[PDB]
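Values below: every heavy atom of this structure, side chains too, minus hydrogens, waters and symmetry copies. The chains referred to below are lettered A, B, ... by the order of the sequence lines, with proteins before strands, and numbering in each begins at 1.
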Amino acid sequence: XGXXXXXXXXXXXXXX
Amino acid sequence: XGXXXXXXXXXXXXXX
Amino acid sequence: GXXXXXXXXXXXXXX
Amino acid sequence: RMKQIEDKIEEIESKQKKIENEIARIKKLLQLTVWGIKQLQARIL
Amino acid sequence: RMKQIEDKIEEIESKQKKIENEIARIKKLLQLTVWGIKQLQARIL
Amino acid sequence: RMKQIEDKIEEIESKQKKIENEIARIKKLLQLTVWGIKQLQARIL
């Protein structure tokens, strides 16, 4: 749902 | 296989 | 690459 | 002086139990996530 | 003997904080992986 | 009194090392799960 850095294919795991 | 709280779509991650 | 080099995941690279 | 040491030990010991309980909770959750990855891979393969 | 003990205790408390900080980092990464699994399963289903 | 404290300290240090080793094992396994999530996502995408 909400999270994942707001999308961008996962944002490299929300930046780790 | 077996686990996942016995189904129900995942049991919200086996209850957290 | 990684994953023990394949074999379906190597049972999770052997835990 | 000795009492102060004993008091610090009691706080350490309590905190260590708190830590051990937390580690046990994390290991269990991690085990669920390993299972989820395995279940998703099987549905893919 | 008491000064040596007091130093050992400080070091134990320092190690305990490093551990607590490490647990916090683990838990945060585990929150991210749980989310990734949830997101993947929702897409597949 | 002193010897009992000294023994307690060694015991506490032992328990901390067990915890550090447990945390190391958990981090390794959590890193494998991150690899797996990324592999699964790539396949889906």
Side-chain angles (χ1 to χ4, degrees), chain D, chain E:
Chain D
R1 187 165 196 188
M2 183 59 87
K3 177 88 93 72
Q4 194 186 137
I5 282 150
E6 282 158 351
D7 292 347
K8 285 175 181 190
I9 288 174
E10 286 286 333
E11 283 210 316
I12 295 161
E13 284 176 336
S14 306
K15 215 93 148 64
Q16 204 169 70
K17 284 179 192 89
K18 164 173 170 284
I19 284 159
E20 285 162 343
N21 290 355
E22 228 153 51
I23 284 168
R25 262 140 70 205
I26 289 160
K27 288 176 54 153
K28 281 198 303 213
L29 184 48
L30 178 57
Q31 284 308 299
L32 298 179
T33 68
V34 169
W35 184 96
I37 291 160
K38 198 187 179 83
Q39 188 78 345
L40 293 171
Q41 178 185 41
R43 148 185 15 163
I44 293 156
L45 257 28
Chain E
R1 280 190 286 192
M2 271 180 273
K3 177 53 189 170
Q4 227 274 335
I5 287 160
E6 287 162 348
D7 291 337
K8 284 184 178 202
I9 286 174
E10 184 173 346
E11 180 184 13
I12 286 161
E13 289 162 341
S14 181
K15 176 62 59 82
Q16 206 167 241
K17 302 269 207 344
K18 292 286 186 223
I19 288 157
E20 287 169 338
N21 275 99
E22 186 63 35
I23 286 164
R25 287 187 293 270
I26 285 160
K27 285 158 78 166
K28 293 178 297 109
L29 179 52
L30 183 57
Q31 288 311 104
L32 295 170
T33 63
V34 167
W35 186 96
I37 294 164
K38 190 169 200 305
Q39 192 81 349
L40 291 174
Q41 176 196 38
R43 185 173 194 169
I44 288 160
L45 289 183

Chain E against chain D: donor-acceptor pairs under 3.5 Å:
residue: D:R1; atom: NE; partner: E:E6; partner atom: OE2; Å: 2.9
residue: D:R1; atom: NH2; partner: E:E6; partner atom: OE1; Å: 2.9
residue: D:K15; atom: NZ; partner: E:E20; partner atom: OE2; Å: 2.4

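Atom-to-atom distance recorded for D:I23:CD1 and E:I23:CD1 is 4.5 Å, nearest 0.5 angstrom. A distance of 5.0 Å separates CD1 in E:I44 from CG in D:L40, rounded to the nearest 0.5 Å. Taken from CD1 in E:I26 to CG in E:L30, the straight-line distance is 9.0 Å, to the nearest 0.5 Å.
For E:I37, the parts lying under 4.5 angstrom from a heavy atom of chain D are both the backbone and the side chain.
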